[PDB]
Each structure stands twice: as structure tokens, then as C-alpha cells.
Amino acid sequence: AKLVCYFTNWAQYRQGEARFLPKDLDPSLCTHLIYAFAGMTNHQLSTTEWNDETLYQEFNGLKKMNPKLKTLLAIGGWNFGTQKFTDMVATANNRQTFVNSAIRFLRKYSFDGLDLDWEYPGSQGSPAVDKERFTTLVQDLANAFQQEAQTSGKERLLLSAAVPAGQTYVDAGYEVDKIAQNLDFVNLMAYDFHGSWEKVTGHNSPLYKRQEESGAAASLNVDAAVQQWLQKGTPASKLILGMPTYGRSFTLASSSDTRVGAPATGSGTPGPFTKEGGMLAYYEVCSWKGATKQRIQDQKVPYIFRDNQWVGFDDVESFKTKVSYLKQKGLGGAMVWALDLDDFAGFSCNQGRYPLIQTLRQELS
């Protein structure tokens, strides 16, 4: 099976021990390492950090310690927006500029493939035509990669994309049917289903729906998302179940009511290391003294709370489960976001190195 794990640029800036660099990457923990992120400048693939070139060298260097390992460069993300994307795909001449810069950029730093993270084709201010163009981008990259390998005699570069679990976004700009055939594999980011952007407490990545929960909110869970993509026409072998190594927090209305789906005034206060409201890294979560861990029967997932803070995350057991669901449905493997967010150096969870992801590696084989 495949174990796809994301590495992020900005992790290098975390203070204290939370600092993450390639040096902290275990070359054997995952089957595929993905670098987040790479930008675009003049329809061309280009770095985004002052020391990306040195990092690209380290990241891909791991392959000397494990030749079986595969690395891919990811372009986009949430903050990337859609402007630069929609532009690049509008005209075949700018599109071809990209396809070519891709092939050169990747071959220059030793990347085995490229991960497309357009969020999202035909959404967030993206013409409903981009849905079609995205397919064209996928097909173009696909052909170029197929051609290049034949004339260069090197291992064909890989092409994957990070797709959404959001019913809307899905039907909004993804020709599942078609793209699924030009992508080596599909990373379903089955997380962020619920968040501080809802005035009522919810869980980040829920496996199934709550017994007392329906309507459109019945789609907001892993299973639903997973069954969706499979039906739309994605062979399961090419479907990678993404899993979060972070959780989502809410500042409760009153420490009196902590019912999953309780009134929340807003996002949980920010963590000491990640420093972002409504978001907590696993290693920060398990740092809660006198917390109150709990589980959601319906949707096999925990969540702790202390006073007015309520954070829904995944722990070792919730990962064991999901890996199990994964296998059950016959999926191609698991995908994890993100490396730097697990307790990568066992400095606060008291569970060793990469607690969450190691559980994945174990169960997967």
C-alpha cells in the first residue's frame, strides 16, 4: 500500500523544538514524501522560500538512504488562491510553458513527480470552465511526462492531485471520471469537515455520521467522502485516504456545555508552537494537563476539552480504525498531512518518534 506524507516549507520557522527541517525526516517512515509548497511566477514552477534550493537538495537526498522512496513537488495550497492557476490554464501557450518548467524544475532537483493542489478548480472565484481546463492541465502534464520519459529514458515522473472531500467542490470543478485516468493517484484530504467557521462545535475528521445527524451534514464525514469519490468513478487502488495529524479547536460558549455540537463563540485559542487559532498540532494537543479526553461513538473519534477550549483531533486509536476502514474498502493507501505536525521527535507526547504516522506504517503492512 501507499503511505503518502506531506512535508511543509514554513515548518522550519516554528520556534523552540517544534522546528522542522528535512534533517528531521525519517527516510523510511513513508513510501512517498511530498514537498509543500512550490509557487508560480510567470506561468512557471518556482520556489517560495529563501532556502528552497538547499532544502530540495536535502529532501531528495533521503533517497540515498532508501532508494525505494519517492518524492513529489506540490504546487499550490490554500493560500495560493486561484488567480495564478486560472491564468496559466486559459491559454495553451502559457499552459505549455508550465508543463515544460515543471519537467525541468523536477528533473533539476530530483523530484519523481508533481502533486497538483489547485483549491479548487471552479471554486473560490474560479470560472466554471476551469473544471474543464483542469482536466486539460492534467492531460497535458500526463502526456508530457509520458513523452519525456521515453526520450530521456528516465523513470516516468508521477502526477497526483490533492482533491477535496467537499461534496460542493467535488461537483464544482472535478471531472472525476476523466482526471482519475491521468493521475497516478488521488489524495483525498478527508479532513477539515468541521471548523471554527461554524458556530457550533464539530470534529475535524469524522469517520461516519452521528446517529442524530442528517440532511447535508450527513455528507460531512470520511466514509461519505470516500464513497463519493469511488462512485464518481475513481478506482479505489488510486484513492489515498488523507488523514490529519492536527486537530480543530473551538472556544466554547460556556464550560458548562461540551456536547459535540455545542455553542462555540469562535476558534480555539492558538497553540504555543503552531500559533493559529482553531488549529492545533497533535504534539500540542497531548500537552494538555488535566484535560478531559472523550470519544464520539457514532464517528469513532476523540476530542478533549478544558474550561472553554474544545479540540477535536485524532489519536493512535482513531488512526488504527481509519487504516482499518481504508483496508475494508480496498483503498490504495493512506495520505498524511502533515509530517511536521505529528510528534516527530517525541518531545511532548511521551510516545516516541512519529507516534501517529508510525501507527499508520504498522497497520498498513
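So that there is no doubt, residue numbering starts at 1 and follows the sequence shown.
Mean C-alpha B-factor is higher over 251-259 than over the other stretch, the pair under comparison being 251-259 and 92-100. Look at the mean CA B-factor for 236-244 and for 190-198 in the entry; the higher one is 190-198. Based on the entry's C-alpha B-factors, the most elevated value among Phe145, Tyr282, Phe273, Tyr169 belongs to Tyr169. Looking only at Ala180, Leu137, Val222, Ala217, the residue with the top Cα B factor in the deposited structure is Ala217. Ranked by Cα temperature factor within the chain, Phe85 sits in the middle third according to the deposited record. In this PDB entry, the Cα temperature factor of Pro206 sits in the middle third of its chain's modelled residues.
Residue-level temperature factors show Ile75 in the lowest third of its chain, judged at the C-alpha atom. Ranked by C-alpha B-factor against the other modelled residues of its chain, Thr269 falls in the middle third. For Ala36, the recorded CA temperature factor ranks within the lowest third of the chain's modelled residues.
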